[PDB]
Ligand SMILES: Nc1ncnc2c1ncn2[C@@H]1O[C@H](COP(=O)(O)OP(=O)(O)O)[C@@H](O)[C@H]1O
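Listed next as C-alpha cells is one chain, alone, in the form solved without the named molecule.
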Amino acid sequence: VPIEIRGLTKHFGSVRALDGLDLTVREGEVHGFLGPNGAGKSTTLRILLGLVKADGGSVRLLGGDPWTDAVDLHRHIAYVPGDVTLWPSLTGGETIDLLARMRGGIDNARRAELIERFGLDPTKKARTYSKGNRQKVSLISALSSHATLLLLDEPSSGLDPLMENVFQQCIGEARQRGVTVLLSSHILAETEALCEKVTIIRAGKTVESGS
C-alpha cells in the first residue's frame, strides 16, 4: 500500500481547518483525487512530501512516514507541481538532467523518445519557453525516472489535445510496469479516461470514494 491516510487533520492559522478526517488508500493503480481548490488537495500533497507537518491522524507513505523519512523515501518518487516555474538561465535539457539526477537517476532511452514525441527543443533557455513547452519539461523529467510512485498535480495544463493524448498513452504505458499514479486533475475527462476508483473531497473530509 503505497499511500494510506486515515484521520488526517490540520489547522493552518488555527482558524482555517483545511483538513479534518481525510482518508485515502492506493495499492498499485491510477487514482483520481477530486475536489475544489480550497478543499485541501494541495495540503495533502504537501503533507505527503515532507514540506508540511500534520496535526493528527496517520500518514503512511511507502511504509515510512513522510516527515522524518523525507530523504530516504523521495528517491522512489516523482512529482509534478501544480504551478510549474523554472530557472530562466537554464536550458530545457539542463533542467531535465538536473532534476532527474537529484532524485535517483534517469533513463536515457525513455528520455530520448519522450523528447522526440512531446516535440521539445532542449536547447532554448527556459526563459523563452511558452506555457505549453514549460509543462513538457516537468512531464519529461518525471516520466523518465526510476519512480515507483508519481504524484501528478494538474499534469496537463497548457497542452493541446494531441499532447494530451500522448500524455495519456504514456501514463497507460507506465501503469503496466507496476508504477502507482496519483492524478489530481481538475479535468474530469482525462480522469474518466485514465483513472478508476476516484475519491471526492468537499471541505476536509472525503465525501465519496470508489470505482
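Only residues modelled in both forms are compared. Only the largest set of C-alpha atoms that superpose within 1.5 Å between the two forms is called the rigid core. Numbering starts at 1 and runs along the sequence shown.
Beyond what is shown, the protein has a form solved in complex with the named molecule; the following relates to that form.
Site check by superimposition: the named molecule, modelled from its position in the entry with it bound, clashes with the backbone and C-beta atoms of this form, with 3 or more atoms inside 2.4 Å, and the site reads as blocked. In terms of contact with the named molecule in the entry with it bound, the residue from 21, 200, 17, 188 that brings a heavy atom within 4.5 Å is 17. Taking non-hydrogen atoms only, residue 36 approaches the named molecule to within 4.5 angstroms in the entry with it bound. Taking the partner from the other structure, the named molecule in the entry with it bound has a heavy atom within 4.5 Å of a heavy atom of residue 42. Residues placing heavy atoms within 4.5 Å of the named molecule in the entry with it bound fall in a single listed stretch, namely 42 to 50, out of 141 to 149, 42 to 50, 165 to 173, 59 to 67. In the core-aligned comparison between this form and the one not shown, the C-alpha of 23 is the only one from 203, 200, 187, 23 that shifts by 2 Å or more. Between residue 46 and residue 19, the C-alpha separation grows by 3 Å or more in the entry with it bound, relative to the conformation displayed. One change in the entry with it bound concerns residue 17 and residue 40, whose Cα atoms lie at least 3 Å closer than in this form.
Listed alone, the one run of 3 or more residues present in both forms whose C-alphas shift by at least 2 angstroms between this form and the one not shown, with the core superposed, is 14 to 27.
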